[PDB]
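Worksheet: the structure to be examined is printed underneath.
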Amino acid sequence: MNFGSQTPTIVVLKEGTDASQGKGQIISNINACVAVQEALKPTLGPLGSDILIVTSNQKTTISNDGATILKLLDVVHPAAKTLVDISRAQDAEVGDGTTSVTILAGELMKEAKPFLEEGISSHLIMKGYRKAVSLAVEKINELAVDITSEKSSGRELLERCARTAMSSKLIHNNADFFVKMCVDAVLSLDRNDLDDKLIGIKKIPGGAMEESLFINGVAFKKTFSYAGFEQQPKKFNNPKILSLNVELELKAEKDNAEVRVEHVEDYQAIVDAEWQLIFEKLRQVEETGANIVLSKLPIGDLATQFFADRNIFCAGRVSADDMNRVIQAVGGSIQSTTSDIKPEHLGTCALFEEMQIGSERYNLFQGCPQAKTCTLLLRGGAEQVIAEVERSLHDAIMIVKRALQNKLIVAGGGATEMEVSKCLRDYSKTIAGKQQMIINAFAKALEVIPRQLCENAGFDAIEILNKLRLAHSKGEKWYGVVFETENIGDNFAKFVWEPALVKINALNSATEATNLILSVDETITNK
Amino acid sequence: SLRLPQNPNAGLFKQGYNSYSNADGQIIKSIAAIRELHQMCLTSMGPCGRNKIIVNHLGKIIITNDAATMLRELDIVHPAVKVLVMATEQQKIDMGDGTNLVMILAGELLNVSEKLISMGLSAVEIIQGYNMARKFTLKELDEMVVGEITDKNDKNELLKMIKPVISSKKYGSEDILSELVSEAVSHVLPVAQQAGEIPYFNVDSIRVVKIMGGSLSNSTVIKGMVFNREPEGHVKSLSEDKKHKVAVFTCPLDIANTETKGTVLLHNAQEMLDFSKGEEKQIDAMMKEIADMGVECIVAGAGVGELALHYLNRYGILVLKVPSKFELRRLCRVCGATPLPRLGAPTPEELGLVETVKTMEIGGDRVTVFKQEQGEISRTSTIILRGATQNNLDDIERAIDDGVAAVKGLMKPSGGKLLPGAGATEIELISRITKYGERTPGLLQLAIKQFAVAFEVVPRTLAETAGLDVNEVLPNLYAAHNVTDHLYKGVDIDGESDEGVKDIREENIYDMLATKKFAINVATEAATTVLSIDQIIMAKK
Amino acid sequence: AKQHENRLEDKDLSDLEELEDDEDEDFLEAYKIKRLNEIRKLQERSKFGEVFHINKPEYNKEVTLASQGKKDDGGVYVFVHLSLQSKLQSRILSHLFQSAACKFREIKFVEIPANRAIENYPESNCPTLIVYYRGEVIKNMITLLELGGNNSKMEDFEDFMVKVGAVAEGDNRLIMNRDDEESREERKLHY
Amino acid sequence: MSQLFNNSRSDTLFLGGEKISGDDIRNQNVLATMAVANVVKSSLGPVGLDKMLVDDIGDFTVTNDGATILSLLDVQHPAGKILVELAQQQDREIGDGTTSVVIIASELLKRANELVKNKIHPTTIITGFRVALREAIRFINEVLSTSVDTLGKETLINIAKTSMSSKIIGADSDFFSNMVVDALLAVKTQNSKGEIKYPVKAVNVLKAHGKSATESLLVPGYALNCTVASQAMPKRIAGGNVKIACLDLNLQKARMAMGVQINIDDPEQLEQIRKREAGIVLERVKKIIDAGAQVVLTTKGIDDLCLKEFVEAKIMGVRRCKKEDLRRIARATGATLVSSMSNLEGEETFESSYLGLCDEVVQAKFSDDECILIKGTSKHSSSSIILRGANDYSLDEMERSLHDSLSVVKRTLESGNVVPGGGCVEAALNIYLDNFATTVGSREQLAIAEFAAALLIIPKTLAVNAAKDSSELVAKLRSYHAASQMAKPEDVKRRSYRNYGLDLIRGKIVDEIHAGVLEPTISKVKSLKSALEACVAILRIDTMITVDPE
Ligand SMILES: Nc1ncnc2c1ncn2[C@@H]1O[C@H](COP(=O)(O)OP(=O)(O)O)[C@@H](O)[C@H]1O
Ligand SMILES: Nc1ncnc2c1ncn2[C@@H]1O[C@H](COP(=O)(O)OP(=O)(O)O)[C@@H](O)[C@H]1O
Ligand SMILES: Nc1ncnc2c1ncn2[C@@H]1O[C@H](COP(=O)(O)OP(=O)(O)O)[C@@H](O)[C@H]1O
Ligand SMILES: [Mg+2]
Ligand SMILES: [Mg+2]
Ligand SMILES: [Mg+2]
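Okay, here's the thing in structure tokens:
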């Protein structure tokens, strides 16, 4: 009846598919997040340390924020990918607190360890944190004071909040000069339409970072330059900027036109018609007096010798993102027809000068007060000093990006976490149930942000935190820790502020990161 | 007495074929082996259920506490499990609700029938027993209905419909997600005094646009849609025109070229001089007619040329690619226009109306928003999800797909009436089937009793996930049904659940009639096939 | 196993119609729609078909840009010929380019004088055959002694195109696979 | 938890394994402790369940004891070997709390590592534990309870049920508690001028799978597992006052010493030499047969010459056995173990004073086995335990379980003071130490507070093994205990609370006196000290150095 000697049993899952039951896997998932958490533990704070990562392709990448550190390390574990997703989400939405949101997410998982060791299943502890966030977000809104009541100046607001962003970086001593760059850069943008692509920074080598300069114009980097370059004047007084999407090339990328002729006299006409058409396009541009011609697609060789004669500047092979930044500065839009041009579409600038830095030659527009864009030429010692300072000012721009939309001041230095925690402790004592110990653990998890500020500074943490617990018994606000005077005090007197969106999205993202892998008990991996 | 004779039917079917017949023990091998995956769907059941992370061979990670999404990716070698796999997929594609009940019941009928086969009852009689018990179950569910709804238009009436469905998946978010789904259905349904004759509804009406970052409370409803796309040419006016006519062209805006390939032929240089202006005047004759009627937005599916884009920039006409064909027709439903592969000219009857189009960043990426106010819409809506992780937003999409699939399950048939949930009607069916087994004497009475015992997992699975003792609240719940008030007894999930009694109307937990009927039928048909087979023939790899 | 695959793999759109009466329609028409789509792709890719007698400024575009094609990595092979009219092998290779150009319309066939190509090129090394693809030189071929020399034939040139990945092995246009109608006629009678 | 292994360093070149430092060592040491702590965490208490370990030859061992399960788990890590040897030190000394002392040490290293991450030095942490433990032992002296107004052997019965639980034979504790207490009272002796002591492993264990554990027969006397020499001997000696002769003499066709080489010139001497060489042993056995030794005992073997002589007189023979069992037979029967028969005078003899005395001796058949059952000893009483079960692996579980039960009642009689069980000691020491060090203030309040929380892991571990709501019991335990410590001296009811706590069967708070849960005071004494030294040995480690083998 049977087909053969024996019949081995079937494994239900595929051969090699890992699976496990019980409380061991969720503890392993929590320990996996804590293992990723320990890498970013000493990074938190102004006195924190950077992290050096080298991937398989052998490209050095130094960073301080946890957004790109987790992007470099390709994470296999799904539970450890939760910290990576919120870090990119925090980087995409706000742009600040990418390290603290991962530390708070792991600390809630760390404080959930002994409750999971108890018989309480994960559906109780999820309800406690989810109930606590509903009061924490409201308490941050109640502690948010408005700036217009004092009738202060608007220029000093951006400088005050951007000073906090330049901590824990290479800039904190040179922040007196570079904070004016990003504040004046973002103010040139339109308040209604604030764009993230108009703040592109070129990774130009050479030079010290303090030698940079902020200009309302935009640069592009010299392009291919067929013979013709270094004959035109590289300095103009009031040049007219022109942009053309049409490809000025003698049938380079055009489709192959099958020309068929049957006469010798017409062969002289058809070969001169190529010269006749290309010169008609040059003469039409010549009549308008366009002193600076630009194009995304390449410029022909004959045009360079023609524009070199009448001191007309030309450049091609510009990218779409860089060319879009030019149009926001120089006014009129792009036209791809030489006959449909108009004087009114041309731009203008009060000064123009090409100067070399780092053995790179860059064309710089100058004197453009009507420009709704900006540029930054960070100069740096090494290829990571440029990239580190690049993403640092991108985070500084991200603070003033969101500060203009909504103007809310909140405490800093770990103070906002403690006023929220002690309020939840006051709310927890009236519960008298299982949710009391959970909310007290949520209050203990918010205390961790003051810890790493003190651990990286070298001072003992248990003594100073007990001093704050004695200080927060009475009514007090903007009470945290500082490092200059080596003694705690009023942060408002010390003049340090932050936005409220950083703390709100951090608590929601950290709790959502916690509830994702506390609402599971198994991780199956095929293959 | 060392080497066997090697089964002299080895000249028959090759070594890769494996036979696992009965008598040898196939039923015992199967009902058991599948208890591992039965506990997977059992642990993921209820509002306090645990989601399961499934990493496929490609590496796309998913985390979903259902059953259809999990078993689709699991490469399962056991053939008897696969009967339960695609049987659950039938519930997903047809009704979109009841994947887990199907798994905890189809498997429990095989688990509870261990006593029948072990005692020595015939397998053919067990199939006849569950079939007659299936017929009595379908007839009896109609009498226990108390939720006969006839309005099915207003938003507050859907609180008894959508919120029990959303309360199962991620119980913590009820009011927020129900507001998004209920407000979406109100935009989908038309404004009318009496809409009857089975109005049309489809799952493709309500779409889900996933945006990275932002708390779940900051979400909002959009009547149009939102694409991750870069506009080109100009900035919008946003209040000046007050309304915009949008033409949707299937073919691109370019000179009409044939399918067969051609090229440029020029016999003399006189045509060479006019060829540069001929292409400009050709499109100008076709582009000027579009601007006369005031078409302030053009949508071309294929790639738009630079010559056509240049003429549109000066007049301030919005352009958009929309490469995929499925999402191209959904934009036509918003404005209320028809596709036009011909260029032709814009007509007033075929062109729609759009209030405004504005561009910003929601999660850092620039997107195009087609939200309109005071306009007429017909079967179109979107829900902008804000979340911390992409892994969590994937489950919100399927939860919304199951929510709107229930709307398809209501409006497509004549009646999608409610039933008491939270372990209320399941225990009632145990009492009905217990009384039904004594009415018909015969050897099949044992099958009728064991069919009722399979419904016990529904109340206790909510108690097991709640961290409660099954031997206390489950027998205490039977005393509450002794005797309307006895029908609305259910399983409580709270710290005060020591009594084990909570009224259903305080929170309005309800289930669908058609969903449970289709689930019980597919569950019985799934158990009918597994108990009917006796021989299972494998093959190599 | 191969007997089932030879029904579809070893028959073009013209030969697949032989199995219309024998094989099932759904089995046959499902593959004919697949092969019909492949034929349409070759027609769209047929951007060439005669020898492009170019000059140098242009080389920097025709030879190399083309090699990038769409840059969907739509690469395009570009066979260059540094012609030298004094050599006997150069005129032979020029005839092979025009013959192959009429057949393989997707592959670009380029020709230029060798004296105009490279500054002071060795005349002994001519004729030279270069094959570009995505901007990279796939083969820098030397004079045709490898391909028979003076006795080079069209069959040898088509075999070289298969080695560099320009034409598939089982292509119906190659003379090795393009059996004569009289050859297939004798096979059916003797079968 | 440790990932991204430490890089091989070129500036520090040491032979063998690479050096690693930092917090990863204490993380790896705690991770090595959780590898063994999770193994023993499930098999704690009555509700706890144990596991099986195969010996790679088909054999296996189902083990409840912490010393046995860790003995077979040969831990290659250095930090785990400390706890492995601690359990081998724990079970030999006290024989109780082997699972709890490992669980206490694991929880200490957990919170101690957390405190090191909180930036307090380990020296201050160790000082916080020592001052806390010195107050804990002072508090253990306060909560003692002297046995008084108890009817008969009830205090020895119910205290054995606590040790009898957490085993397979806990259901039969009503039957085994009587015989276990009666066994230790049978082997009572005197030593050190009035100090009462009992010998180690004095009661025997015989593996006889058969009828059931309920019908285990308590034979009031000594039992020995030995096969009969000759099957023709009588298996039952009738009449009282049976004399037992214990020997260590060897009686086989004996050989002369090593340095003797016989050399003879006369052929006829071989007849006398061959007979006298055998007949020299007959002079030893002819004297003890005439003395009337009904049943002779011997360690070294006896051969066919002598075996047959013994039978021509209806005397029972005994083959090879252990050296220690014959010592207790001589003590019970009153005989004297003779290594070599001799006399102070110049002639060999055998006296009657060397013979023992017992009422009856019989060879009972335990379903396949020959065992000589001796009962009714005259000089000192004795006892033996007849273990019965389903299979041999259960009998091995019954061996070490009775060895733990016998050891607990042994130390119970050494000190009359007792302490309640069921987490009441750990629950009271938690709240007592939390109140302590509030006046001290500055630094040691956090170290002693986490120390007080470390002792709560035992009532948490017992709860989750029952698969019940754990925090509901922890809320009742700690709160009730606190309400008792704070209370006025003059409040009977509240004071009583100090006495009770967690119950694992019914799941409610009941009195331990009526329930019968009780432990000795010696079990908790020197258990926390061993866990303290176990914590000190790993906590003070900063760097780890490994030398590869040659
Ligand atoms: N001047 C300051 N005084 C006190 N605390 C500060 C100051 N600047 C930054 N901090 C604190 O340092 C912490 C980490 O900031 P940082 O790491 O620089 O930003 P991010 O984490 O977004 O990269 C913040 O939580 C903040 O409270
Ligand atoms: N707050 C609540 N109180 C009582 N019962 C609830 C509550 N929330 C959800 N439930 C119950 O949990 C069950 C989950 O069922 P589910 O498997 O999601 O349905 P389906 O199988 O149709 O998808 C529902 O039947 C519902 O009655
Ligand atoms: N019947 C019982 N009731 C309450 N607690 C008990 C009972 N039996 C044992 N225990 C508790 O279980 C703990 C461990 O007991 P046991 O497993 O016998 O010792 P060991 O830890 O040496 O294995 C003891 O501390 C004791 O308090
Ligand atoms: Mg920052
Ligand atoms: Mg559902
Ligand atoms: Mg014990």
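So the sequence lines, in the order shown, correspond to chains A, W, P and G.
When we follow UniProt numbering, the leftmost residue of the first sequence carries the number 1, and every step to the right adds one.
For the second sequence, the positions run 2 to 484, 492 to 549 when UniProt numbering is used.
For the third sequence, the positions run 49 to 119, 132 to 251 when UniProt numbering is used.
When we follow UniProt numbering, the leftmost residue of the fourth sequence carries the number 1, and every step to the right adds one.
Even for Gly, the Cβ is constructed at its ideal location relative to N, Cα and C.
Counting only beta-carbon atoms, is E455 (chain A) nearer than 9 Å to chain P? Taking the first sequence and counting its residues from 1, one reaches residue 455 (chain A) at position 455. No, because no Cβ of chain P sits closer than 9 Å to the Cβ of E455 (chain A).
Near-chain A residues of the segment 99-118 of chain P - C-beta to any C-beta below 7 Å: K109
Can you find the residues in the same chain that come closer than 8 Å, C-beta to C-beta, to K201 (chain G), ignoring five residues on each side of it along the sequence? What you label residue 201 (chain G) is simply residue 201 of the fourth sequence in a count that begins at 1. Closer than 8 Å at the Cβ level, and outside the excluded window around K201 (chain G), lie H403.
What does the shell around ligand 4 hold, if a residue joins when its beta-carbon is under 7 Å from any heavy atom? A:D65, A:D96, A:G97, A:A165, A:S168, A:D395
CA-CA distance, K246 (chain W) and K224 (chain W)? Translated into the one-based positions of the second sequence, residue 246 (chain W) becomes position 245. Translated into the one-based positions of the second sequence, residue 224 (chain W) becomes position 223. Using only the alpha carbons, I get a separation of about 17 Å.
If we count the other Cβ atoms within 10 Å of its Cβ and call it buried at 16 or more, is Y479 (chain W) buried or exposed? For the purposes of this step, residue 479 (chain W) is taken as residue 478 along the second sequence, with counting starting at 1. Label assigned to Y479 (chain W): exposed.
Less than 8 Å between the CB of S169 (chain W) and some heavy atom of ligand 5, yes or no? In the second sequence, the residue the question calls residue 169 (chain W) occupies position 168. Yes, the beta carbon of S169 (chain W) sits closer than 8 Å to at least one heavy atom of ligand 5.
Where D59 (chain G) sits in the DSSP three-state scheme: Working through the fourth sequence from its first residue, we reach residue 59 (chain G) at position 59. The answer is coil: DSSP assigns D59 (chain G) none of H, G, I, E or B.
Please identify, using Cβ separations under 7 Å, the residues of the segment 448-467 of chain G that lie next to chain A, in order along the chain. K460, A463, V464
Runs of 4 residues minimum, wholly inside the segment 161-212 of chain A: which ones carry the alpha helix (DSSP H) assignment? 175-188
Write down every uninterrupted run of the alpha helix (DSSP H) in the segment 125-187 of chain W whose length is 4 residues or greater and which is fully enclosed by it, in chain order. 163-169
Can you tell which of W:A448, W:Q446, W:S505 has the C-alpha that lies nearest to the C-alpha of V471 (chain W)? Stepping through the second sequence from its first residue, residue 471 (chain W) is reached at position 470. Among W:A448, W:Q446, W:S505, the Cα nearest to that of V471 (chain W) belongs to W:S505.
Considering only C-alpha positions, which residue in the set G:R236, G:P420, G:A467 is nearest to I522 (chain G)? Looking up residue 522 (chain G) in the fourth sequence gives position 522. Minimum Cα distance to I522 (chain G) is reached at G:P420.
Taking Cβ-Cβ distances shorter than 8 Å, what residues in chain P pair up with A252 (chain A)? For the purposes of this step, residue 252 (chain A) is taken as the residue at position 252 of the first sequence. Within 8 Å Cβ-Cβ: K109, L113.
Please work out which residues of its chain come closer than 8 Å, Cβ to Cβ, to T98 (chain A), disregarding the five sequence neighbours upstream and downstream, and give them in chain order. In the first sequence, the residue the question calls residue 98 (chain A) occupies position 98. Around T98 (chain A): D65, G66, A67, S87, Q90, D91.
Evaluate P499 (chain A) with the Cβ neighbour count: other Cβ atoms within 10 Å of its Cβ, from every protein chain shown; 16 or more gives buried, anything less gives exposed. Residue 499 (chain A) sits at position 499 when you count from the first residue of the first sequence. Answer is buried; the Cβ neighbour count reaches 16.
Give the residues of chain A in contact with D469 (chain G), contact being defined as C-beta atoms less than 7 Å apart. In the fourth sequence, the residue the question calls residue 469 (chain G) occupies position 469. Those within 7 Å of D469 (chain G) in chain A are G119.
So, does the segment 239-252 of chain G touch the segment 419-439 of chain G, judging by three or more C-beta pairs under 8 Å? no
Is the beta carbon of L38 (chain W) sitting closer than 9 Å to the one on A535 (chain W)? On the second sequence, residue 38 (chain W) is found 37 positions in, with the first residue counted as 1. On the second sequence, residue 535 (chain W) is found 527 positions in, with the first residue counted as 1. Their beta carbons are not under 9 Å apart, which means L38 (chain W) does not touch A535 (chain W) by this criterion.
Cutoff 8 Å; reference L84 (chain P); Cβ partners in own chain excluding five residues on either side: What you label residue 84 (chain P) is simply residue 36 of the third sequence in a count that begins at 1. Within the same chain, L84 (chain P) has close Cβ partners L61.
Decide if the segment 255-266 of chain A is in contact with the segment 346-363 of chain A; the criterion is three or more beta carbon pairs, one per stretch, under 8 Å apart. no
Determine, using beta carbons only, whether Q3 (chain G) comes closer than 9 Å to chain A. For the purposes of this step, residue 3 (chain G) is taken as residue 3 along the fourth sequence, with counting starting at 1. It does: the Cβ of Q3 (chain G) has a partner Cβ on chain A nearer than 9 Å.
In the DSSP assignment, find the unbroken beta strand (DSSP E) run with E362 (chain W) in it and report its ends. Taking the first residue of the second sequence as 1, we reach residue 362 (chain W) at position 361. Element bounds for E362 (chain W): 359-362.
I need the straight-line Cα distance from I30 (chain A) to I397 (chain A), nearest angstrom please. As a position in the first sequence, residue 30 (chain A) is number 30, starting the count at 1. As a position in the first sequence, residue 397 (chain A) is number 397, starting the count at 1. Those two C-alpha atoms are separated by around 34 Å.
Does the Cβ of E512 (chain G) have 16 or more other Cβ atoms within 10 Å, making it buried, or fewer, making it exposed? Position 512 of the fourth sequence holds residue 512 (chain G). So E512 (chain G) counts as buried.
Which word fits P9 (chain W), buried or exposed, when buried means at least 16 other C-beta atoms lie within 10 angstroms of its C-beta? In the second sequence, counting from the first residue as 1, residue 9 (chain W) sits at position 8. Burial call: exposed.
Find the residues of chain W that neighbour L516 (chain A), judging by a C-beta separation of less than 9 Å, and give them in chain order. The residue labelled residue 516 (chain A) in the question sits at position 516 within the first sequence. Chain W residues near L516 (chain A): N52, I64, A389, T390, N392, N393.
Any non-hydrogen atom of ligand 3 within 8 Å of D172 (chain G) CB: Here residue 172 (chain G) corresponds to residue number 172 of the fourth sequence, with the count starting at 1. Checking every heavy atom of ligand 3 against the Cβ of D172 (chain G), none is found closer than 8 Å.
How about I159 (chain G) and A213 (chain G): do their beta carbons lie closer than 9 Å? Counting from 1 along the fourth sequence, the entry for residue 159 (chain G) is found at position 159. Counting from 1 along the fourth sequence, the entry for residue 213 (chain G) is found at position 213. For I159 (chain G) and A213 (chain G), no; Cβs fall outside 9 Å.
Taking the beta strand (DSSP E) that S100 (chain G) belongs to, which residues open and close that run? Start at 1 with the first residue of the fourth sequence, and residue 100 (chain G) comes out as number 100. Segment 98-117 is the alpha helix (DSSP H) holding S100 (chain G); no beta strand (DSSP E) there.
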